[PDB]
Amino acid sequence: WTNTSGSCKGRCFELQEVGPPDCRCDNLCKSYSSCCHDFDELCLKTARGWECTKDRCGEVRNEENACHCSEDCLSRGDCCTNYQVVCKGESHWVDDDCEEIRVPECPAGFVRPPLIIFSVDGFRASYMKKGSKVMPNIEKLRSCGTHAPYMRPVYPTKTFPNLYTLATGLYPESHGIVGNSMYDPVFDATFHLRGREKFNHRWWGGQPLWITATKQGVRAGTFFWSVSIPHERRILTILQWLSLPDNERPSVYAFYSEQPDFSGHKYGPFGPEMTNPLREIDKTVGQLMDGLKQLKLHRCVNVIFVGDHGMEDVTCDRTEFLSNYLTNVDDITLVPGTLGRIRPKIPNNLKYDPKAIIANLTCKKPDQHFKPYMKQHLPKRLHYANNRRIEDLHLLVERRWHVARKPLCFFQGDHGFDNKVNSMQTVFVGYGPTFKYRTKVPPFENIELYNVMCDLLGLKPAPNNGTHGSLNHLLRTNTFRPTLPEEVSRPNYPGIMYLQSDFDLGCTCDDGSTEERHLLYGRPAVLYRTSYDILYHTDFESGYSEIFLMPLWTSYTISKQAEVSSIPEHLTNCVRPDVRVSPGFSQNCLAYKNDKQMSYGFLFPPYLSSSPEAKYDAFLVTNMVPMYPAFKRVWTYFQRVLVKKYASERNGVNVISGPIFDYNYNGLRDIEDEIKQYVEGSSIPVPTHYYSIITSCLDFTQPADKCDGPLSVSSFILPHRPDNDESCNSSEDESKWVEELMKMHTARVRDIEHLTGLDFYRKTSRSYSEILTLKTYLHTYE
């Protein structure tokens, strides 16, 4: 019980936490039914609006006014933000020339630059192109500070998952807010945007920035604002807190605006109607910046202007209905819209038939505007599977479309789609002493920001999914010095030890300076305890695992001019024992011969051997990996057509390929116990995915093998599946569908590192920070 009888006299938006029985005067109160009886009256004044007019200057203070223009307002910290411009002849901040801020210029008593996070909902990256004509304050922040052309949100590209990702540095599958709506089968409870259940702390994982700050003795303003509190009041409140005594004043602040999202939904992202809400947000940024200038803080504070996701054109007319595919949709619950998650309407309903459902949803219309996935099959770059609140059955929906359960307008915009979709990209600008001046940075992912916000506040981040140091290039100071992970397992370098006669595998073949040409960036370090051998070859090098019986990685270089050659018919089924590696640590062809479903492929492609002699090396048993015929369609096209195409296009490429095991879909390297499938009758483990990392010189005029400067990388994590049901056009020639599949499964090098326990690019001429940026890069193909 809370005693509402008390008063918010001299308590408005107090920062001190107040529990029952006493009543509150903070943001969470209206929201919690714990406000004092005079909260609305004392704390939410509106009288006379938000701006000083000439006729108010010098006024005697009336405590009923929303803000003040009286002579004492400044030391009281409650002037309207435009007070000085109107009453003291000062200029608006936006009208002042841009000037580099080389060090914080802070008033007496400020020990470090405060951080203000100004978050905007549904701010599409491309809105920035409207420029100073529509958004002059934001344009000044953008042009004079540090900006990315866009920032990538997490999937699903909706508000709750993204704002909490900004706050924690975690993927939704790890922080737990996997949607705006979710069902937790263990709680047997439902979380909704609307309603009180979301207030229960059990839903919220990881450690958000405000808790991290507080635990390290750094004070935070509110990161929650009640919907009933107008934006102008939010800004005045922040400015009031910044005027507090040294021993009360917070170091970190957040502002949130539900615009331009609301208007985007109503009018669509390209509507002329979007101009007004954008002007309104800019006006709010102006109030903040004018207010800061009034406090002599405009060259002291670091300001982050950041969005949660973008906005796409989505209308009533573009809705797929599940009732068109399934006979009884009244028996399922669908989280609908720009994504789909399906579960039985009755929890744990035994008649739920997910295999039959997926079958009826797979490639059933030519123009089908979604694709069903079991969550383990979703592209790994989405990191969207390892949480009990994520339904097994997912629908990835095509941009511009909705999926709904059945047919049983007022919106023209929506978002939630695959986070590499252009329309979903959002904004990032950093301005202040700690950010660089007039600097553009490449796009980056929102998971990276928590680390940077900790850097800006002198905090040590809780464990998270950012790669700390990968954004050092945004900062003038406060950068994080990363340290190389130490290698855990040193390799063996086995020389010859066996004779062909020593081998009984069922295999038949009916007929320096390797490290220099083929390992351009050093050997990958193995960051777990295991046993493996380096193997050298004219055309390739590998780290062969004696445990998993195949390479952990195979590395090779292909020159721009490289020749593509066939596999001679007499070598079609050629597999050769490797006299460097014991028969007991080798695969055997017998298992393949006997397994009616599983075939094999090679990591280094015989198609790219330098000579007919060299080709024989590609047929070694130590280059062989288990591949379903379905996967082989993809892999052969990749080995035979695409790698060469890349070399020709990029002036040579260096390729590192290998297996990934992630049977429990947690995005991390499986241990032996977690592997669940082997080649028939054998102990040869079956990868869930195969990766390839393709590196070249960013300066394409230089060959990959003689690159003096920054690198260019594209990588993939291809799902190893027994069919190509994912690819609706796979009945056609590989040239009509394989690249499309690969693009969907693009990946960061960092993603591969998590999944493999390997550490790449340890011997380069670049800084460690640059390499970390490279490893976080995602080639999106948009």
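Just count from 1 along the sequence shown to find any residue number. Basically, rigid core = biggest C-alpha set you can superpose within 1.5 Å across the two forms.
Peer 1: Root mean square C-alpha distance from this form after a core fit in 9 other deposited structures of this protein: higher for 746-754 or for 32-40?
Peer 2: After the core superposition, the stretch with higher RMS deviation in 9 other deposited structures of this protein is 32-40.
Peer 1: Aligning on the core, I want to see which stretch wanders more in 9 other deposited structures of this protein. Is it 349-357 or 480-488 by C-alpha RMS?
Peer 2: With the rigid core superposed, the C-alphas that lie farther in 9 other deposited structures of this protein are those of 349-357.
Peer 1: Check whether residue 641 goes without coordinates in at least a third of the other compared PDB entries of this protein that model residues on both sides of it.
Peer 2: Across the other compared entries, residue 641 is absent from none.
Peer 1: Among the other compared PDB entries, is residue 408 dropped in a third or more?
Peer 2: Counting only entries that model residues on both sides, residue 408 is unresolved in at least a third of them.
Peer 1: Answer with none, 1 to 3, 4 to 9, or 10 or more: how many deposited residues between residue 108 and residue 109 are not present in the coordinates.
Peer 2: Nothing is missing between them.
Peer 1: If I compare the deposited sequence with the modelled residues, how many are absent between residue 486 and residue 487: none, 1 to 3, 4 to 9, or 10 or more?
Peer 2: None; the chain is continuous from residue 486 to residue 487.
Peer 1: Quick one: say whether 571-579 or 326-334 has the higher mean Cα B-factor in the deposited entry.
Peer 2: Per the PDB record, 571-579.
Peer 1: Please compare 223-231 with 378-386 and say which has the higher mean C-alpha temperature factor in the record.
Peer 2: Higher of the two, by average CA B-factor, is 223-231.
Peer 1: Could you check 87, 474, 459, 167 and tell me which one carries the biggest Cα B-factor in the deposited entry?
Peer 2: If I rank 87, 474, 459, 167 by C-alpha B-factor, first place goes to 87.
Peer 1: When you compare the CA B-factors of 724, 31, 746, 729 as listed in the entry, which one comes out on top?
Peer 2: Highest CA B-factor of the listed options: 31.
Peer 1: Ordered by C-alpha B-factor within the chain, which third holds residue 397? Give me lowest, middle or highest, please.
Peer 2: Residue 397: CA B-factor falls in the lowest third of its chain.
Peer 1: Could you tell me which third, lowest, middle or highest, the C-alpha B-factor of residue 43 occupies within its chain?
Peer 2: For residue 43, whose C-alpha B-factor we compare with every modelled residue in the chain, the answer is the highest third.
Peer 1: Please place residue 605 in the lowest, middle or highest third of its chain by C-alpha B factor as given in the entry.
Peer 2: According to the entry, residue 605 has a C-alpha B-factor in the chain's highest third.
Peer 1: Within this chain's modelled residues, let me know which third the CA B factor of residue 757 belongs to: lowest, middle or highest.
Peer 2: Tercile = middle for this residue's CA B-factor.
Peer 1: Lowest, middle or highest third: which one holds residue 468 when the chain's residues are ordered by CA B-factor from the entry?
Peer 2: Bottom third by C-alpha B-factor.
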